[PDB]
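Undergrad: This is the structure I have questions about; it appears just below.
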Amino acid sequence: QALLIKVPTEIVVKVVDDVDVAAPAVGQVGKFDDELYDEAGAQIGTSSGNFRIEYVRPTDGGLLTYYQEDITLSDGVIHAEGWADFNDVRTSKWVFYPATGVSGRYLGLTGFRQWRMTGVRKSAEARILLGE
Amino acid sequence: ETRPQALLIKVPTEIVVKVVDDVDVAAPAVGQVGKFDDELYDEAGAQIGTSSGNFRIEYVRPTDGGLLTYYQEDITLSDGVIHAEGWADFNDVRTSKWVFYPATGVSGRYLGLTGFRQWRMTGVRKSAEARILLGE
Ligand SMILES: C=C1OC(=O)C(C(=O)[C@H](C)C[C@H](C)C(=O)/C=C\CCCCC)=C1OC
Ligand SMILES: C=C1OC(=O)C(C(=O)[C@H](C)C[C@H](C)C(=O)/C=C\CCCCC)=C1OC
């Protein structure tokens, strides 16, 4: 009924970007490819995605970025896309956005992709929380 | 099950029992607000809780003209309280699409759980469908 996939290690195996991490700006973009590891560190899949910093939120100066990604797990695909504050990304805080099970065991399931950067341009901790 | 890792609460009928608002649903604008009181029902038509909440339309997103709206509510289920708050696009609210924002268990069964509150309007100023999805 409800499923939690905890991913303590997510590795960024390639990223192409013109993001200035110390000073991000609207218009900056990234395309990335990740590998995902379970709680005892075997491979559970890959993600491929991109993002774009889109606007400055006037309430807090947030640098609102749109992410879109396909997470190919070993027992089904999951699509995730939505908004994140890049000021949270770069200060190692958690972000999240909707995820939709696209096939396999994940057919029918919807919920949320969560992650926090543990290593600039290199690693993240992630969760995938799903229900039916 | 003891100490589930993940937990889904399905709310197929959420009735808005009381709403006070100055929102023009046909042409919404920044500064408009509502306060709402809801009753939550399971698949069997039993009442599982209530919600007390408010919202404010805060800003216009330059991307798409989205009307970004900040929600906040206290959801009292019969077995504990969940707080939830965050951003939703009022264009989605009014065209009956799903919206969501973070949720945090505050007491009872939900203490120490976090996840998301999600809902879709099924009738403006009348009713919605909803899900609370939590993890530990
Ligand atoms: C899922 C990721 O969301 C990210 O933002 C990110 C990145 O690494 C960017 C592609 C590079 C950019 C310069 C950056 O933000 C760097 C640090 C974040 C590290 C990982 C965060 C998940 C992602 O993975 C590639
Ligand atoms: C879960 C709800 O979150 C809402 O925003 C809402 C409402 O009904 C508003 C309080 C009134 C506003 C004028 C409106 O848009 C009315 C309907 C929205 C969708 C229908 C119910 C979700 C909620 O329930 C009270």
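Letters for chains follow the order of the structure tokens (A, B, ...), residue numbers begin at 1 for each chain, and ligand numbers begin at 1 in the order shown.
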Quick check: residues of chain B within 7 Å of chain A, only C-alpha atoms, returned as a list in words.

TA: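 My answer is residues 5, 6, 7, 8, 62, 133 and 135 of chain B.
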
Undergrad: List every residue of segment 20-97 of chain A that DSSP, applied to the backbone of this structure, places in strand (DSSP E), and write the result as an MDAnalysis selection string.

TA: chainID A and resid 29:37 43:57 62:73 76:85 95:97

Undergrad: Could you check which of B:52, B:114, B:104, B:47 is closest to ligand 2, using only C-alpha atoms and all ligand atoms?

TA: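 Smallest separation from ligand 2 among the options: B:52.
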
Undergrad: Could you tell me which of A:84, A:77, A:53, A:42 comes closest to residue 20 of chain A if we count only C-alpha atoms?

TA: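 The closest residue to residue 20 of chain A is A:53.
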
Undergrad: Within 10 Å of residue 16 of chain B, counting only C-alpha atoms, which residues qualify if same-chain residues fewer than 2 places away don't, as a ChimeraX atom specification?

TA: /B:13-14,18-19,36-40,50-52,121,123-128

Undergrad: Excluding residue 41 of chain B and any residue of its chain fewer than 3 positions from it, enumerate the residues within 8 Å of it, using only C-alpha atoms, and give them as a list in words.

TA: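 The residues that qualify are residues 11, 12, 13, 14, 44, 45, 46, 47, 48 and 49 of chain B.
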
Undergrad: Please list as a count of residues only every residue within 12 Å of residue 89 of chain A, counting only C-alpha atoms and excluding residues in the same chain fewer than 4 positions away.

TA: 30

Undergrad: Considering only C-alpha atoms, can you say which of A:16, A:31, A:10, A:47 comes closest to residue 72 of chain A?

TA: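 Looking at the shortest contact to residue 72 of chain A, the residue is A:47.
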